[PDB]
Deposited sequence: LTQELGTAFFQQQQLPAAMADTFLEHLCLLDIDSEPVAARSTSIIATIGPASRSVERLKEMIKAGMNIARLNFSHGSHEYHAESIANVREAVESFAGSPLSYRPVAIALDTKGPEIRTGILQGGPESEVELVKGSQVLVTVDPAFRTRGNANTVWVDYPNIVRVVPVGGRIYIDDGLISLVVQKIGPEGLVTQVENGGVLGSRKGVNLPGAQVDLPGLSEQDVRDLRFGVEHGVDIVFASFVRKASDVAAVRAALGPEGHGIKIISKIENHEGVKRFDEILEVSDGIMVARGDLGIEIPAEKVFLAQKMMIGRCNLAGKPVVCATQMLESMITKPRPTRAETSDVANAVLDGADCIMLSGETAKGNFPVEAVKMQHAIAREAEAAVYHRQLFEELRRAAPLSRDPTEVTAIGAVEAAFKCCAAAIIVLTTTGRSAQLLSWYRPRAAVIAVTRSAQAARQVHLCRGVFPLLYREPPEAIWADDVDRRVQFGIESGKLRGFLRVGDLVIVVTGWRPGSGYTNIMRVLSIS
């Protein structure tokens, strides 16, 4: 069998692992999203072209580096690479643009903290990547940038940066050093009226944030486990607890979670990843992460495309080995009851999908909310979302296993007939890229009248 089905039917977790099969080829669209950071190594349009084709979904601007002019070009490039496949509505792959806020970093001069002597005033102690170590009139590690010490979250610059972001129609803000819920209100304030549209993904990068995680989760659209700083700010042995914990809470709350930093580092320099790294990816996926990310790997290294091609392979397998069985069960039980017709339909659509090994669930969505309520349960069938809002169609990448499709055609006269052309559009698209073959069954989720908020029907159709 394929997609680890035998292992998907085991009665306990153990037997399940006992049943994983290295010759059980996956056969599914990979559903974890890929965020690639744009940098010299990947700024050109041609390179972008390739990285999409490889599976990129979200491009990341790192405002820790580079002028505004510099990033203006980056967006401009992404967008161009992207529209180069406007070629064929059935294959067009939207790409998000996320701006990674620079935040209150602490760099150093171009041992007495002030080779022997070293821009955060009230400092009055680790330099670079945490390889260098000094202790308070102080040096405990050696070595030939960041400065982390186990400031305002929103500087004048940060503000300036978000304004830029709004002005340029970025889709997502990854917010650096969120340490308390007031901090995301800040971002959202700076973002201004013109941009309630933009998802806020709070970065967790230190103890306090870890500590106040719950308040933070409640006000954000999602979370980023920033193992980079976090893994210096706290003992390096503990991160795996913060990640696992955070992915889990996030999973419960129905919000997209991102696992970050050093998942494929060696590739910065080399054409294959270590065994550690490969295995780092599978587990982030198995853990529950919504999307997994690349930095050095894509921004400066000799193998940007290859980096992306891997996350894509690893994630495919990983996702074929998820123990939905225990997993879906666990949710229903944990999920509180609900009276909102959309929740209700989605849980239905999902149960339905399991009963028949549905190939996909197809949902007309305006904002994507309903797409999202389908993946809260983590179907295994693909969630194909047909929408006209190129933006929703993009933001929908923050959600496991939802595959946006942007629908261009001008509305029919008759609502009924339009809905149907949008559905069938999904199916067509579906066939074309190979999510469904004739004979398959498919679930289709829709509404009883035009506009967001009214999803409430589920239907079973054979292809």
Q.
Please give the gaps, as residue ranges numbered from 1 in the deposited sequence, where no C-alpha is present.
A. 1-10, 121-136, 141-150, 155-156, 163-170, 183-190, 193, 200-203, 210-214, 528
